[PDB]
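Asker: upload.tsv is reproduced in full below (TSV, N, CA and C atoms).
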chain	number	residue	atom	x	y	z
A	29	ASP	N	0.84	-1.23	0.00
A	29	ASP	CA	0.00	0.00	0.00
A	29	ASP	C	0.86	1.26	0.00
A	30	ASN	N	0.23	2.40	-0.23
A	30	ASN	CA	0.94	3.68	-0.25
A	30	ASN	C	1.41	4.07	1.14
A	31	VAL	N	2.16	5.16	1.22
A	31	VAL	CA	2.67	5.64	2.50
A	31	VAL	C	1.54	6.13	3.39
A	32	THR	N	1.76	6.08	4.70
A	32	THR	CA	0.75	6.51	5.66
A	32	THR	C	0.35	7.96	5.43
A	33	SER	N	-0.83	8.33	5.92
A	33	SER	CA	-1.33	9.69	5.77
A	33	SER	C	-0.38	10.68	6.43
A	34	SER	N	0.15	10.30	7.59
A	34	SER	CA	1.08	11.14	8.32
A	34	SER	C	2.37	11.33	7.53
A	35	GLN	N	2.69	10.34	6.70
A	35	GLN	CA	3.89	10.39	5.88
A	35	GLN	C	3.68	11.30	4.68
A	36	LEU	N	2.46	11.30	4.15
A	36	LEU	CA	2.12	12.13	3.00
A	36	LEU	C	2.50	13.58	3.29
A	37	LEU	N	2.09	14.07	4.45
A	37	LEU	CA	2.41	15.44	4.85
A	37	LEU	C	3.84	15.52	5.37
A	38	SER	N	4.37	14.39	5.83
A	38	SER	CA	5.73	14.34	6.35
A	38	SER	C	6.73	14.63	5.24
A	39	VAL	N	6.43	14.16	4.03
A	39	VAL	CA	7.30	14.38	2.89
A	39	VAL	C	7.14	15.79	2.34
A	40	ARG	N	5.94	16.35	2.46
A	40	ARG	CA	5.67	17.70	1.98
A	40	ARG	C	6.28	18.72	2.94
A	41	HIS	N	6.49	18.31	4.19
A	41	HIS	CA	7.07	19.19	5.20
A	41	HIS	C	8.58	19.27	5.05
A	42	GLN	N	9.19	18.17	4.62
A	42	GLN	CA	10.63	18.11	4.44
A	42	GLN	C	11.04	18.82	3.15
A	43	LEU	N	10.18	18.74	2.14
A	43	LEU	CA	10.44	19.38	0.85
A	43	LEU	C	10.31	20.89	0.96
A	44	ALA	N	9.09	21.35	1.25
A	44	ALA	CA	8.82	22.78	1.37
A	44	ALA	C	9.79	23.45	2.34
A	45	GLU	N	10.15	22.74	3.40
A	45	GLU	CA	11.08	23.26	4.40
A	45	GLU	C	12.39	23.70	3.75
A	46	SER	N	12.95	22.83	2.92
A	46	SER	CA	14.20	23.12	2.23
A	46	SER	C	13.95	23.99	1.00
A	47	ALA	N	12.75	23.88	0.44
A	47	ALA	CA	12.38	24.65	-0.74
A	47	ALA	C	12.17	26.12	-0.39
A	48	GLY	N	13.24	26.78	0.04
A	48	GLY	CA	13.16	28.18	0.40
A	48	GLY	C	14.44	28.71	1.00
A	49	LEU	N	15.21	29.45	0.21
A	49	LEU	CA	16.47	30.02	0.69
A	49	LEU	C	16.24	30.89	1.92
A	50	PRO	N	17.16	30.84	2.90
A	50	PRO	CA	17.04	31.63	4.13
A	50	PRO	C	16.90	33.13	3.87
A	51	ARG	N	18.02	33.82	3.65
A	51	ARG	CA	17.98	35.26	3.40
A	51	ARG	C	19.12	35.68	2.47
A	52	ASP	N	20.35	35.61	2.99
A	52	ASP	CA	21.53	35.99	2.22
A	52	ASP	C	21.56	35.29	0.87
A	53	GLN	N	21.13	34.04	0.84
A	53	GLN	CA	21.12	33.26	-0.39
A	53	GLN	C	20.25	33.93	-1.45
A	54	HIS	N	19.12	34.49	-1.03
A	54	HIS	CA	18.22	35.16	-1.95
A	54	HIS	C	18.82	36.47	-2.45
A	55	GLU	N	19.38	37.24	-1.52
A	55	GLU	CA	20.00	38.52	-1.86
A	55	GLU	C	21.04	38.36	-2.97
A	56	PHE	N	21.58	37.16	-3.10
A	56	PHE	CA	22.59	36.88	-4.12
A	56	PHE	C	21.94	36.29	-5.37
A	57	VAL	N	21.26	35.16	-5.21
A	57	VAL	CA	20.61	34.48	-6.33
A	57	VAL	C	19.54	35.35	-6.99
A	58	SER	N	19.15	36.44	-6.34
A	58	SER	CA	18.11	37.32	-6.89
A	58	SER	C	18.65	38.72	-7.18
A	59	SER	N	19.57	39.19	-6.35
A	59	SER	CA	20.13	40.53	-6.52
A	59	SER	C	21.54	40.50	-7.13
A	60	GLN	N	22.13	39.32	-7.22
A	60	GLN	CA	23.48	39.19	-7.77
A	60	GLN	C	23.53	38.22	-8.95
A	61	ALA	N	23.30	36.94	-8.66
A	61	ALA	CA	23.33	35.89	-9.68
A	61	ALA	C	22.68	36.35	-10.99
A	62	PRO	N	23.13	35.79	-12.12
A	62	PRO	CA	22.60	36.13	-13.45
A	62	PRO	C	21.18	35.61	-13.66
A	63	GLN	N	20.48	36.21	-14.63
A	63	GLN	CA	19.11	35.81	-14.94
A	63	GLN	C	18.98	34.29	-15.05
A	64	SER	N	19.97	33.65	-15.66
A	64	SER	CA	19.96	32.20	-15.81
A	64	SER	C	19.82	31.51	-14.46
A	65	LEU	N	20.39	32.13	-13.43
A	65	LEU	CA	20.34	31.59	-12.08
A	65	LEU	C	19.02	31.96	-11.40
A	66	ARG	N	18.46	33.10	-11.79
A	66	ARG	CA	17.21	33.57	-11.22
A	66	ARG	C	16.01	32.81	-11.79
A	67	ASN	N	15.91	32.78	-13.11
A	67	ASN	CA	14.80	32.09	-13.77
A	67	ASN	C	14.77	30.61	-13.40
A	68	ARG	N	15.95	30.01	-13.25
A	68	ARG	CA	16.05	28.60	-12.89
A	68	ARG	C	15.67	28.39	-11.42
A	69	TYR	N	15.84	29.43	-10.61
A	69	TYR	CA	15.52	29.35	-9.19
A	69	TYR	C	14.05	29.01	-8.99
A	70	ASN	N	13.17	29.86	-9.50
A	70	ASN	CA	11.73	29.66	-9.38
A	70	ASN	C	11.28	28.45	-10.18
A	71	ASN	N	12.00	28.14	-11.25
A	71	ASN	CA	11.67	27.00	-12.11
A	71	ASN	C	11.59	25.71	-11.30
A	72	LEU	N	12.73	25.28	-10.77
A	72	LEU	CA	12.80	24.06	-9.98
A	72	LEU	C	11.76	24.08	-8.85
A	73	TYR	N	11.52	25.26	-8.30
A	73	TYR	CA	10.55	25.41	-7.22
A	73	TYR	C	9.13	25.32	-7.76
A	74	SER	N	8.93	25.77	-8.99
A	74	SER	CA	7.61	25.73	-9.61
A	74	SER	C	7.04	24.32	-9.56
A	75	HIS	N	7.91	23.33	-9.73
A	75	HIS	CA	7.50	21.93	-9.70
A	75	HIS	C	7.35	21.45	-8.26
A	76	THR	N	8.12	22.05	-7.35
A	76	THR	CA	8.07	21.68	-5.94
A	76	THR	C	6.77	22.15	-5.29
A	77	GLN	N	6.32	23.34	-5.68
A	77	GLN	CA	5.09	23.91	-5.13
A	77	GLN	C	3.87	23.10	-5.56
A	78	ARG	N	3.81	22.77	-6.85
A	78	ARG	CA	2.69	22.01	-7.38
A	78	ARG	C	2.71	20.56	-6.90
A	79	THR	N	3.88	20.09	-6.47
A	79	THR	CA	4.02	18.72	-6.00
A	79	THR	C	3.50	18.57	-4.57
A	80	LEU	N	3.92	19.48	-3.69
A	80	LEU	CA	3.50	19.44	-2.29
A	80	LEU	C	1.98	19.45	-2.18
A	81	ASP	N	1.32	20.16	-3.10
A	81	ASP	CA	-0.13	20.25	-3.11
A	81	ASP	C	-0.76	18.86	-3.21
A	82	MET	N	-0.09	17.97	-3.93
A	82	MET	CA	-0.58	16.61	-4.11
A	82	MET	C	-0.41	15.81	-2.83
A	83	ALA	N	0.63	16.13	-2.06
A	83	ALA	CA	0.89	15.44	-0.81
A	83	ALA	C	-0.19	15.73	0.22
A	84	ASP	N	-0.33	17.01	0.58
A	84	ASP	CA	-1.34	17.42	1.55
A	84	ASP	C	-2.71	17.58	0.89
A	85	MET	N	-3.18	16.51	0.26
A	85	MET	CA	-4.48	16.54	-0.41
A	85	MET	C	-5.33	15.35	0.00
A	86	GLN	N	-4.74	14.16	-0.07
A	86	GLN	CA	-5.45	12.93	0.29
A	86	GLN	C	-6.01	12.98	1.71
A	87	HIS	N	-5.43	13.84	2.54
A	87	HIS	CA	-5.88	13.98	3.93
A	87	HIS	C	-7.28	14.58	4.00
A	88	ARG	N	-8.28	13.80	3.60
A	88	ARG	CA	-9.67	14.25	3.62
A	88	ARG	C	-10.06	14.81	4.98
A	89	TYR	N	-9.36	14.37	6.03
A	89	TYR	CA	-9.65	14.82	7.38
A	89	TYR	C	-8.85	16.06	7.75
A	90	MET	N	-7.61	16.13	7.27
A	90	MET	CA	-6.74	17.27	7.57
A	90	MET	C	-6.91	18.39	6.54
A	91	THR	N	-6.71	18.06	5.27
A	91	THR	CA	-6.83	19.05	4.20
A	91	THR	C	-8.14	18.87	3.44
A	92	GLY	N	-8.24	19.55	2.29
A	92	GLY	CA	-9.44	19.46	1.49
A	92	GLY	C	-9.34	18.41	0.40
A	93	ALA	N	-9.88	17.23	0.66
A	93	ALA	CA	-9.85	16.14	-0.30
A	93	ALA	C	-11.13	16.11	-1.14
A	94	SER	N	-11.67	17.29	-1.43
A	94	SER	CA	-12.89	17.39	-2.22
A	94	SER	C	-12.57	17.73	-3.68
A	95	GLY	N	-12.97	18.92	-4.14
A	95	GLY	CA	-12.70	19.31	-5.52
A	95	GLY	C	-11.22	19.43	-5.81
A	96	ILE	N	-10.56	18.28	-5.95
A	96	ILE	CA	-9.13	18.25	-6.23
A	96	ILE	C	-8.84	17.50	-7.53
A	97	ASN	N	-7.56	17.32	-7.84
A	97	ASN	CA	-7.15	16.62	-9.05
A	97	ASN	C	-7.93	15.31	-9.21
A	98	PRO	N	-7.87	14.70	-10.41
A	98	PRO	CA	-8.58	13.44	-10.69
A	98	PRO	C	-8.00	12.25	-9.92
A	99	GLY	N	-7.94	12.38	-8.60
A	99	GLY	CA	-7.42	11.30	-7.77
A	99	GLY	C	-6.04	10.83	-8.21
A	100	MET	N	-5.02	11.22	-7.46
A	100	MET	CA	-3.65	10.84	-7.77
A	100	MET	C	-3.10	9.88	-6.71
A	101	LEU	N	-2.04	9.16	-7.05
A	101	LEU	CA	-1.44	8.21	-6.12
A	101	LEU	C	-0.61	8.94	-5.06
A	102	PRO	N	-0.79	8.58	-3.77
A	102	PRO	CA	-0.06	9.21	-2.67
A	102	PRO	C	1.46	9.11	-2.83
A	103	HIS	N	1.91	8.21	-3.70
A	103	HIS	CA	3.33	8.03	-3.94
A	103	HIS	C	3.83	8.94	-5.06
A	104	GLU	N	2.91	9.60	-5.76
A	104	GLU	CA	3.27	10.50	-6.85
A	104	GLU	C	3.93	11.76	-6.32
A	105	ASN	N	3.49	12.20	-5.15
A	105	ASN	CA	4.03	13.41	-4.53
A	105	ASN	C	5.39	13.14	-3.90
A	106	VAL	N	5.50	12.04	-3.16
A	106	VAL	CA	6.76	11.69	-2.51
A	106	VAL	C	7.89	11.57	-3.52
A	107	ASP	N	7.59	11.00	-4.68
A	107	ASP	CA	8.58	10.82	-5.73
A	107	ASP	C	9.12	12.17	-6.20
A	108	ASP	N	8.22	13.04	-6.64
A	108	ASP	CA	8.61	14.37	-7.11
A	108	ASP	C	9.24	15.17	-5.98
A	109	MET	N	8.92	14.80	-4.74
A	109	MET	CA	9.45	15.49	-3.57
A	109	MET	C	10.98	15.46	-3.55
A	110	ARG	N	11.53	14.26	-3.40
A	110	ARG	CA	12.98	14.08	-3.37
A	110	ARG	C	13.62	14.64	-4.64
A	111	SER	N	12.83	14.74	-5.70
A	111	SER	CA	13.32	15.26	-6.97
A	111	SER	C	13.61	16.75	-6.84
A	112	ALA	N	12.73	17.46	-6.15
A	112	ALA	CA	12.89	18.89	-5.95
A	112	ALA	C	14.13	19.18	-5.11
A	113	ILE	N	14.29	18.43	-4.02
A	113	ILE	CA	15.43	18.61	-3.14
A	113	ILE	C	16.73	18.33	-3.89
A	114	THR	N	16.65	17.51	-4.94
A	114	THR	CA	17.82	17.19	-5.74
A	114	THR	C	18.35	18.46	-6.41
A	115	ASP	N	17.42	19.32	-6.82
A	115	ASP	CA	17.78	20.58	-7.46
A	115	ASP	C	18.11	21.63	-6.41
A	116	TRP	N	17.32	21.65	-5.34
A	116	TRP	CA	17.52	22.60	-4.25
A	116	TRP	C	18.82	22.30	-3.51
A	117	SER	N	19.02	21.03	-3.15
A	117	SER	CA	20.22	20.61	-2.45
A	117	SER	C	21.47	21.04	-3.22
A	118	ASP	N	21.46	20.78	-4.52
A	118	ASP	CA	22.59	21.15	-5.38
A	118	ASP	C	22.82	22.65	-5.34
A	119	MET	N	21.75	23.41	-5.16
A	119	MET	CA	21.83	24.86	-5.10
A	119	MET	C	22.43	25.31	-3.77
A	120	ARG	N	22.10	24.59	-2.71
A	120	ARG	CA	22.60	24.91	-1.38
A	120	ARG	C	24.12	25.06	-1.39
A	121	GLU	N	24.80	24.09	-2.01
A	121	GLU	CA	26.25	24.12	-2.10
A	121	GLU	C	26.72	25.04	-3.22
A	122	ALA	N	25.94	25.10	-4.30
A	122	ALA	CA	26.28	25.94	-5.44
A	122	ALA	C	26.15	27.42	-5.09
A	123	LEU	N	24.95	27.84	-4.70
A	123	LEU	CA	24.70	29.23	-4.34
A	123	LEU	C	25.72	29.74	-3.33
A	124	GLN	N	25.97	28.94	-2.30
A	124	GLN	CA	26.92	29.31	-1.26
A	124	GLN	C	28.30	29.57	-1.85
A	125	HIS	N	28.71	28.71	-2.78
A	125	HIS	CA	30.01	28.84	-3.43
A	125	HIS	C	30.03	30.05	-4.36
A	126	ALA	N	29.05	30.12	-5.25
A	126	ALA	CA	28.95	31.22	-6.20
A	126	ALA	C	28.86	32.56	-5.49
A	127	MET	N	28.18	32.57	-4.35
A	127	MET	CA	28.02	33.80	-3.56
A	127	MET	C	29.38	34.38	-3.18
A	128	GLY	N	30.29	33.51	-2.75
A	128	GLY	CA	31.61	33.96	-2.37
A	128	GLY	C	32.15	33.23	-1.15
A	129	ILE	N	31.88	31.93	-1.07
A	129	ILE	CA	32.35	31.12	0.04
A	129	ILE	C	32.95	29.80	-0.44
A	130	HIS	N	33.79	29.20	0.40
A	130	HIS	CA	34.43	27.93	0.05
A	130	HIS	C	34.26	26.92	1.18
A	131	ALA	N	33.78	25.73	0.82
A	131	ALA	CA	33.57	24.67	1.80
A	131	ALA	C	34.69	23.64	1.75
A	132	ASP	N	34.92	22.95	2.86
A	132	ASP	CA	35.96	21.94	2.94
A	132	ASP	C	35.41	20.63	3.50
A	133	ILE	N	34.79	19.84	2.64
A	133	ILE	CA	34.22	18.56	3.04
A	133	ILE	C	35.18	17.41	2.75
So, in terms of C-alpha cells, how does the structure I just supplied come out?

Answerer:
Amino acid sequence: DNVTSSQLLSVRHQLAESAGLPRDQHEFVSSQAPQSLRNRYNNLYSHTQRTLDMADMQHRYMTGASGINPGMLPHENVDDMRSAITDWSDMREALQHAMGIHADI
C-alpha cells in the first residue's frame, strides 16, 4: 500500500522546508546571480510547489480532499518530492560557493 497519511504530509514538510532560501542566499541568487540563475531558481521550485499540493491533499480529514485533481497516487508526490530537493540541495552548495564562500568537506 501507499505511504501513511502522516507520511504524506511528512514528505511535503521536508520538501517545502528546504524549498526556500534563508535570506543571504536570496539577496545573491536574486540581486546578484545572473538571470539564468534567477529564472532557474523559481523554475525548480515551480515543480516543488505544485508537488506538495498533491501530498497534503489525500488527507480528507486534515486538508481538502474534495474538488481536487482526478485522484492521484499518494506516492506520486513523494517521488517528485525528493526530486525537488535534488535541485535545491545542489543549489545549497552551489549558491553558497557562487556567492563567495568555500567549503571543505

Asker: Have a look at A:109, A:93, A:129, A:36 and name the one nearest to residue 75 (chain A); count only N, CA and C atoms.

Answerer: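 Checking each candidate against residue 75 (chain A), we get A:109 as the closest.
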
Asker: Could you state the separation of atom N of residue 92 (chain A) and CA of residue 112 (chain A) in Å, given to one decimal place?

Answerer: 22.7 Å

Asker: Box along x, y and z, 6 Å on every side, all listed atoms of region 71-82 of chain A inside: centre and edge lengths in Å to one decimal, as lines of an AutoDock Vina configuration file.

Answerer:
center_x = 6.0
center_y = 22.0
center_z = -7.1
size_x = 25.6
size_y = 24.3
size_z = 21.9

Asker: Considering all atoms listed in the file, can you say which of A:94, A:72, A:53, A:43 comes closest to residue 124 (chain A)?

Answerer: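 With all atoms listed in the file as the atom set, the closest residue is A:53.
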
Asker: What is the distance, in Å and to one decimal place, between CA of residue 76 (chain A) and atom N of residue 127 (chain A)?

Answerer: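 Taking CA of residue 76 (chain A) and atom N of residue 127 (chain A), their separation equals 22.9 Å.
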
Asker: What's the separation between CA of residue 100 (chain A) and CA of residue 33 (chain A), in Å to one decimal place?

Answerer: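 A separation of 13.8 Å between them.
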
Asker: Among the residues of chain A, find those DSSP assigns to alpha helix (DSSP H) from the backbone and print them as a ChimeraX atom specification.

Answerer: /A:33-46,52-57,63-83,102-128

Asker: Out of A:123, A:98, A:132, A:90, which residue has the shortest atom-to-atom distance to residue 55 (chain A) when counting only C-alpha atoms?

Answerer: A:123

Asker: A:35, A:79, A:97, A:86: which is nearest residue 111 (chain A), counting only C-alpha atoms?

Answerer: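 Checking each candidate against residue 111 (chain A), we get A:79 as the closest.
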
Asker: Pick from A:61, A:47, A:101, A:39: nearest to residue 113 (chain A), with only N, CA and C atoms counted?

Answerer: A:47

Asker: Distance cut-off 12 Å, centre (0.7, 13.2, 8.1) in file coordinates, counting only C-alpha atoms: which residues qualify? Return them as a ChimeraX atom specification.

Answerer: /A:31-42,83-91,102
